[PDB]
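Trainee: Build the 3D model from these lines:
(chains A, B, C, D, E, F and G)
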Amino acid sequence: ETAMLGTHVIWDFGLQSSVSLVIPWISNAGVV
Amino acid sequence: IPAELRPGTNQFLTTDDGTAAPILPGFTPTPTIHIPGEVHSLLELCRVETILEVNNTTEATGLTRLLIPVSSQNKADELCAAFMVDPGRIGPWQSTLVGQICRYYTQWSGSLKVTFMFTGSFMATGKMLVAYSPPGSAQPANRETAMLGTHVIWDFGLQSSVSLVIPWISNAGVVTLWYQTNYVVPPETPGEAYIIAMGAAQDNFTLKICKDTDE
Amino acid sequence: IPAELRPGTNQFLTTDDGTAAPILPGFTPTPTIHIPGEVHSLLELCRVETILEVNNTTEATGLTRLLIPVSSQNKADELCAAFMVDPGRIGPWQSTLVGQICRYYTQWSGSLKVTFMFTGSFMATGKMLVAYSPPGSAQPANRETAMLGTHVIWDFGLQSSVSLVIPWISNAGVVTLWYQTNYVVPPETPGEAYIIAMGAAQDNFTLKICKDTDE
Amino acid sequence: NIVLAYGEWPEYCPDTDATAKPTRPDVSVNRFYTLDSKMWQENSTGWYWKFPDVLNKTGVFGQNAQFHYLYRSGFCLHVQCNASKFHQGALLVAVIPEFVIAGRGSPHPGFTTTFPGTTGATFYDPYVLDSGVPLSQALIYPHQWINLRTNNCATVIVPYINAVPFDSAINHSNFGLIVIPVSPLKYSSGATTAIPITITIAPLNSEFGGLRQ
Amino acid sequence: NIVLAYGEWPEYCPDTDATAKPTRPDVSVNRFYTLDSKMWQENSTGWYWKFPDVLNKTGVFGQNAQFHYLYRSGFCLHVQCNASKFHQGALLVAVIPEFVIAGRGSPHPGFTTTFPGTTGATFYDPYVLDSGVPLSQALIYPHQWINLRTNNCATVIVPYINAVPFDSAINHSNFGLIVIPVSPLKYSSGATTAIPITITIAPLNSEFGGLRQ
Amino acid sequence: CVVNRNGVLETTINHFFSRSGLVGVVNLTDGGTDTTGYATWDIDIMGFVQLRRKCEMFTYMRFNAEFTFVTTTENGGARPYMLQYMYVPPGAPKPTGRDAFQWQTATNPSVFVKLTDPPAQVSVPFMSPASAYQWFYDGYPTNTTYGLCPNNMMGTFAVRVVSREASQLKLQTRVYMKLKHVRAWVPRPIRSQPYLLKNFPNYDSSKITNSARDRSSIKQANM
Amino acid sequence: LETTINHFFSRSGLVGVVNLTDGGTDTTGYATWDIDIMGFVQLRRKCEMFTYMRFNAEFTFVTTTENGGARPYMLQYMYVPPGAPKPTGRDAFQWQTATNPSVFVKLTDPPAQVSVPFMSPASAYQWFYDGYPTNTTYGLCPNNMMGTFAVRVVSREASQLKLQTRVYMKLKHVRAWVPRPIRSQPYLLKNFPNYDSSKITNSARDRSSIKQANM
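Mentor: Residues are numbered from 1 along each chain as shown, chains lettered A, B, ... in the order given. Please find the structure below.
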């Protein structure tokens, strides 16, 4: 529920077989 | 000025159009707002399709009386279900919307329609025959004598729901449900399913003299 | 001509619009002259600011209950006064004009304003915080949590009177009065002063169903 | 600056009957009448003056209002107190039409209590205005605050307010001028104890009809 | 495709009094709120969710509806269940305005029975909707069938339906979302027993007025 | 909870004095020699403290008045007896007996309505020599003479049963006054102190009742 | 024309019966009646087909004695608007408050008819409220109050009547917004939807088998 309030993507299996998520601006941390 | 009092002066006759004295003059009510809905007449309530208790037997006891059972142990031509078309008498049409607003409204006359839908697996395949007899005749004893009427060959693979229009009931007409082809399943698929029946009135359905309901 | 008497003939129903027979025909009253004043409605009486008994404690006994005391022994952030905004309930708004013409008139809804003015010496200097809380919340326990609302930083040197507008009460909202800076006086000047609170309704204040007062 | 009572700028009588006729006196009566200065102290409690009682038996207005049985006039009231920058307090200067002194103790008031003269009397209970009517709502009347850190003068211009356009100036008193300290007077030790309050009255549009003796 | 509740496309408040004023929040609150997935079994009996109770104390909508005493919003409801081609059954997904839980046994229901929260409660008697009112006629409400051989998703767009254009989002719950299996779930031995039902809520035109603390 | 605005037709000066309420009750008790057989009632609106507190919010008022007389017997059973509701205008003498000559003066407009009829309604115009009724007069008509204005007289009614030989009724007249075409000029604050007399503003200064009920401290808003 | 929403609620029926029983000291002498339409289960089942309703109401009071012989006694039918106190006795001061519009009609007259406007703070009457006014507090809406009547005989010295008032309500200008299904379960309480789940009565009467249309 506290991960649903962020930048989530509801990815299912029947419709799509592959999904992609764009991480904005890392630098030399962000957990997916 | 001269005036004469005709018979019927001091009576309180209900269903009258005489106005009454306002008890709070100068009172302004709260102004109305836009609320969705706005039922203008009860005639647009009896054309909403509602579920129909066809399986109104003794041992049903719950939500299992909205459902017409279809099995795979039944052979061809074996009469899945049958019920009269009487929106206002005692039977399946007592749980529907068109049949409960006409326990008021003494007379009624109009067209109806009955919608079936099938609740089996996606892999299952079969057929059904949906025949309507006129209100002069009884229900057919064979499938062949029901085929000679107003049948609809409804299958399961192509369509999942069919509808049949009943022309001009009045205050009876029996619609039946026959097995045309037995219920065919692949392996590892359950062999029992259900049909739920629906029903409403058409646009030319009207009502007449008011009456209190019998609960 | 024929006529029929509907129900409700011989009743004396108060709040009626039926005319009565004049008892002195041909009588001409004294012609009216121009008198100043001419109240056309009671709604222009409840927008005149009148004094508000905020200091309605037990030991007040006289004109010393119109006045909110401000002293110089009080430090900063110590809650000079607090009172609800209820024009029609029991409290400070029972001595005002807007709160006594609505012990009639069962319902009311509109905007108000509360005007303070300071009655100290010309040499004195300080500040006050005038915060209004919405009617869902209680009164603030700190000055910092009252600063995050609808505050007005009112000082004494620049302005001698400030006003705060309360939006849309209905039949509650608490307005408080905090010390922002302590009361600063030069030598040979008294250290106690007073604030008198005022209050009236705005232009969009309306009233509804009549009722006799409870004295 | 000035408070105008009910927004009128008082005028003469329009086209009334039984006057063709009444005399309109010149600035010999419309001068500035300055009454005495009342000393406002810590334990003071208010004052009131009845109009036109304060200008009877005083000057040209006294010789006209006592020898005429019709009367109509409007006034200009100027109340001013002289305080330093070390005193503090507030005065409520209002104009109450038909101001009736009640009488106290469960007992009618005397003549000098309701018609005080030039030396206007003092309140006994200023919280109820000596008429059972609270000071809290006394801002309906044309009023002006004299707060000693903001201003000192208050000017109210009052027209003729009556149901009859001509009455007698001796029996009937049209309005009253109250001056009540809502907030008391405080001062540090060494300052002047009593602060005077002087009042100046100028009649605007006085009329008199029917002469005696 | 979509069911539109009473044919409205919900909008903002037109020209109402006591608002000049209310805040119109951006897509920080109008995102897609995905609740938990309820497992639908053979002996399952239905569920119901109260609105806007399911989005109180949840995200930005929880911090706005708890600190505001006016509220007006419309929703978009998306119920979807993930089943294979070997399962079968039907769901009735309706939207009941002013859905009042009755109470049973000849005895008023508790707080968690009528205001269940995010985890919406289950029916005891789905045949009478737990309100003495039959499921047979429950197709008056804006509804959509989820038949597992035809479709999987059902989309209902609900406007704001109330006699007062602004109420509190904590005390009053405007409507309820029922999901009742009319036909039970059957499967051959070896398949997955529980089938999940996930719900996505997106507020359309939320308004809030008057801020606390 | 309330979001909209109410009506401004109900706050006006004519609707605030609109409805008709009870303003006076008299009793006849006809029968015999020791009883009178008539009952007069001076018209005044300052009889009950609910209409008195509303009309002393203003100084000058100008209105018409229409009256309605609801008469019952002592028990209620109304047999048809003919009544007389006279009207003595200000400046005319009141009756002195049930058979006096003031009942036959043609300048007193009387109303002959039986007991079984609907109540006798009649209307009275503006009856003052001035152009407005004064309820606060700061003057003398030339101790007990201060603040009396004789320009507020309206009249009496003098209810009487029309008969010849002393019917034994015991009646009770209730008078209902409706105020029409009301005009009020200068306002004044509503009275806080309780009333002591009927014609005077006396207020019993030995106990000054307060205009706001007390609370514990000035710093708590809960009252 | 007969199926519309205004003709379905058109006619006036009985909605409440009260009794006075005047006479003596142990008896009261007055009888109040709270205005509600959910008293009889025939108007309750019709009005709970909808959620929001907006209507006027006109009333007619048919009073007879215990036997029927009506001698002329003068009555008083008052009206206490919502927010005003009810009377406490037959000689209390609430009978002389001018803001309660009363009607003075004898027993021998035709019945006293009077009309009551829309008296709600909202813009529609709610018969189903899913909330709390802040166990027994759930589902109570105070926006449905309309008033009382408080029948009383006008006399002085305690007439010995025993009356019986019958109140007939006519619904005028009816507007109903959102519909809902008609109740099948019998009623248990007056203000609550409780239905006694230990016996669920069915909405269709039983038959022998599903394959026979004869019922």
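
Trainee: State the distance from residue F:126 to residue D:131.
Mentor: Going from residue F:126 to residue D:131 by CB to CB, to the nearest Å gives 27 Å. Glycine gets a C-beta too; all of them are placed from N, C-alpha and C.

Trainee: should've said residue F:49
Mentor: Counting by CB to CB, the gap between residue F:49 and residue D:131 amounts to 16 Å.

Trainee: Which one of those two is surrounded by more residues?
Mentor: More crowded of residue F:49 and residue D:131, by other CB atoms under 10 Å in any protein chain shown: residue D:131, with 21 against 14.

Trainee: Stretch A:3-17 close to chain B?
Mentor: No: using CB under 8 Å from any CB of the partner chain, we find that stretch A:3-17 stays clear of chain B, coming within 13.1 Å at best.

Trainee: buried stuff in that stretch?
Mentor: The neighbour-count check on stretch A:3-17 (16 or more other CB atoms under 10 Å in any protein chain shown) flags nothing as buried.

Trainee: residues in chain A within reach of chain E, list them.
Mentor: By the rule CB under 8 Å from any CB, the part of chain A lying against chain E is A:1, A:4-5, A:8, A:10, A:12-14.

Trainee: where's residue F:25, which helix or strand?
Mentor: According to DSSP states H and E, residue F:25 maps onto strand F:21-27.

Trainee: Determine if any part of stretch F:123-132 is in contact with chain C.
Mentor: Yes: Stretch F:123-132 lies within reach of chain C by CB under 8 Å from any CB, at F:123-132.

Trainee: Just the buried ones from the residues you listed, in ChimeraX syntax?
Mentor: To isolate the buried subset of these in ChimeraX, counting by 16+ other CB under 10 Å, use the following:
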select /F:123,124,125,126,127,128,130,131,132
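
Trainee: what sits against residue D:83?
Mentor: Applying CB atoms under 8 Å, 6 or more residues apart in numbering or on different chains, we find residue D:83 in contact with D:89, D:148, D:152, D:195.

Trainee: what about the residue nearest to residue F:51 when sequence neighbours are not counted, distance to chain D?
Mentor: Ranked by CB to CB, 6 or more residues apart in numbering or on different chains and with sequence neighbours excluded, the top spatial neighbour of residue F:51 is residue F:45, at 5.5 Å. The gap separating residue F:45 from chain D is 17 Å, by CB to the nearest CB, to the nearest Å.

Trainee: Find the nearest non-adjacent residue to residue F:39, please.
Mentor: Nearest one to residue F:39, counting by CB to CB, 6+ apart, is residue F:26 at 4.0 Å.

Trainee: Wasn't residue F:50 part of a strand?
Mentor: No: judged by DSSP: H, G, I helix; E, B strand; the rest coil, residue F:50 forms no part of a strand; its state is helix.

Trainee: and the most centrally placed residue in chain D, what element?
Mentor: When CA atoms, centre = their mean is applied to chain D, the residue found nearest the centroid is residue D:177 (3.1 Å). Take DSSP H and E as the rule and residue D:177 turns out to sit in strand D:175-186.

Trainee: Near chain E, which residues of chain F? Just list them.
Mentor: Proximity of chain F to chain E, by CB under 8 Å from any CB, involves residues F:1, F:3-5.

Trainee: Could you tell me which residues make contact with the residue nearest to residue F:39?
Mentor: Contacts of residue F:26 by CB under 8 Å, 6+ apart are F:39-41, F:159, F:172-173, F:175.

Trainee: out of the residues you listed, which is most surrounded?
Mentor: Neighbour counts for these, by other CB under 10 Å, peak at residue F:159, which reaches 23 neighbours.

Trainee: and the gap between that residue and residue F:81?
Mentor: Separation of residue F:159 from residue F:81 (CB to CB): 12 Å.

Trainee: Contacts only, for the residue in chain F positioned nearest to chain B.
Mentor: Across chain F, the shortest distance to chain B (CB to the nearest CB) belongs to residue F:7, at 3.2 Å. Applying CB under 8 Å, 6+ apart to residue F:7 gives the contacts B:27-28, C:206, C:208.

Trainee: which pair in these spans the largest distance?
Mentor: Largest separation among those by CB to CB: B:27 and C:206, giving 13.1 Å.

Trainee: what's the helix or strand for the residue sitting furthest away from the middle of chain A?
Mentor: What lies farthest from the middle of chain A is residue A:28; by CA atoms, centre = their mean that is 20.7 Å. Using DSSP H and E, no element contains residue A:28; it sits outside every helix and strand.

Trainee: do stretch F:125-138 and chain D meet at all?
Mentor: Yes: Stretch F:125-138 lies within reach of chain D by CB under 8 Å from any CB, at F:130-132, F:134, F:136-138.

Trainee: Tell me what residue D:155 is bridged to.
Mentor: Residue D:155 forms beta bridges with residue D:2, residue D:78, as assigned by DSSP bridges.

Trainee: Pull the number of nearby residues for it.
Mentor: Applying other CB under 10 Å, we find 16 residues neighbouring residue D:155.

Trainee: gap between it and residue D:199?
Mentor: Note on residue D:155: its distance to residue D:199, by CB to CB, is 11 Å.

Trainee: Give me the common contacts of these two.
Mentor: D:77-78.

Trainee: Return the residues in contact with the residue in chain A that chain B sits nearest to.
Mentor: Residue of chain A nearest chain B, by CB to the nearest CB: residue A:14 (13.1 Å). Counting by CB under 8 Å, 6+ apart, residue A:14 touches residue E:82.

Trainee: need the helices for chain F, in chain order.
Mentor: All helices of chain F, identified by DSSP state H, fall at F:49-55.

Trainee: what's the helix or strand for the nearest residue to the residue nearest to the centre of chain D once chain neighbours are set aside?
Mentor: In space, and not counting its chain neighbours, residue D:177 is closest to residue D:49: 4.7 Å by CB to CB, 6+ apart. Counting by DSSP H and E, the element that carries residue D:49 is strand D:47-51.

Trainee: Near chain C, which residues of chain D? Just list them.
Mentor: Listed as neighbours of chain C in chain D under the rule CB under 8 Å from any CB: D:5-8, D:85-90, D:126-127, D:134-140, D:145, D:147-150, D:159, D:161-163, D:165, D:182-183, D:186-191.

Trainee: so what's the residue nearest to the spatial centre of chain F up against?
Mentor: Residue closest to the average C-alpha location in chain F (CA atoms, centre = their mean): residue F:45, at 3.6 Å. By CB under 8 Å, 6+ apart, residue F:45 lies in contact with F:23, F:51-52, F:55, F:177.

Trainee: Quick check: of those, which has the highest neighbour count?
Mentor: When neighbours are taken as other CB under 10 Å, the top entry among those is residue F:23 (22 neighbours).

Trainee: ok, now which ones touch it?
Mentor: Residues near residue F:23 by CB under 8 Å, 6+ apart: F:45, F:47-48, F:51, F:175-177.

Trainee: change it to 6 Å
Mentor: F:175, F:177 (CB atoms under 6 Å, 6 or more residues apart in numbering or on different chains).

Trainee: Tell me the spatial nearest neighbour of the residue of chain A at minimum distance from chain G, not counting adjacent residues.
Mentor: Residue of chain A nearest chain G, by CB to the nearest CB: residue A:1 (25.0 Å). Nearest residue to residue A:1 in three dimensions, chain neighbours excluded: residue E:58, at 7.4 Å (CB to CB, 6+ apart).
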